[PDB]
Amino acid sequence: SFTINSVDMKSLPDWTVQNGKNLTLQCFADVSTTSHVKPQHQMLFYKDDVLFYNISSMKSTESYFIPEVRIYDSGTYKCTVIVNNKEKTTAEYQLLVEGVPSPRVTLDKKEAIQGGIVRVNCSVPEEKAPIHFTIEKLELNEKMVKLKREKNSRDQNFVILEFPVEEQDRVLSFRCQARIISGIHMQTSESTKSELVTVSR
């Protein structure tokens, strides 16, 4: 006496969003009935086939709010909705968070001395490891990149790169940009073997 016609998910503003913007996910259903009775709905939210939201409600649409959306939020989203029986599940929708928050650059000394070092802390606090960092040392007098040292944090939110003050330095500045692998796909063949070789001694 209940038939669920179609089931759908939507994300607002889009399924592609700028890092840090506000986001809302919706799992609605369309159910036809002859009954007079108010049905119970259960909405189940999956990211990459793992259940992150389980809600039972009288209305046929429910929502989930994602406050400041980061790259670690992108992935495959689908919702399953059940009524009394007859679940139906939505398709897979790719949420793509694009863009990296501008990195925070911090230093140990405001003023250094020749031969000393500067410890450069480049970070992206709002995000999650692993991040790849590129830090360039600029002497302002000549807009040449005096030194370029890239590093790939794996465990952490940031890097700390030590930069040397060479004897011909006056006013220094450090420039960091961070990049993060949004997605990677890697595949393996199966092993194959070869004609036996018979060492004969």
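Throughout, we count residues from 1 along the sequence that is shown.
S.K.: 137 to 145 versus 47 to 55: which one carries the higher mean Cα B factor per the record?
M.R.: That would be 137 to 145.
S.K.: Would 147 to 155 or 29 to 37 have the larger average of its C-alpha temperature factors, as given in the entry?
M.R.: Looking at the record's C-alpha B-factors, the answer is 29 to 37.
S.K.: What's the residue among 98, 111, 127, 73 with the greatest CA temperature factor in the PDB record?
M.R.: Highest CA B-factor of the listed options: 111.
S.K.: Considering every modelled residue of the chain and its Cα B-factor in the PDB entry, is residue 69 in the lowest, middle or highest third?
M.R.: As the PDB entry reports it, the C-alpha B-factor of residue 69 lands in the middle third of its chain.
S.K.: Determine, from the deposited record, the chain-internal third of the Cα B-factor for residue 183: lowest, middle or highest.
M.R.: Tercile = highest for this residue's CA B-factor.
S.K.: Which third of the chain holds residue 86 when residues are ordered by C-alpha B factor: lowest, middle or highest?
M.R.: Its C-alpha B-factor belongs to the highest third of this chain's values.
S.K.: When the deposited Cα B-factors of this chain's modelled residues are ordered and cut into thirds, is residue 94 in the lowest, the middle or the highest one?
M.R.: It belongs to the highest third of the chain when residues are ordered by C-alpha B-factor.
S.K.: Sorting the chain's CA B-factors, does residue 171 end up in the lowest, middle or highest third?
M.R.: Ranked within chain, residue 171 CA B lands in the highest tercile.
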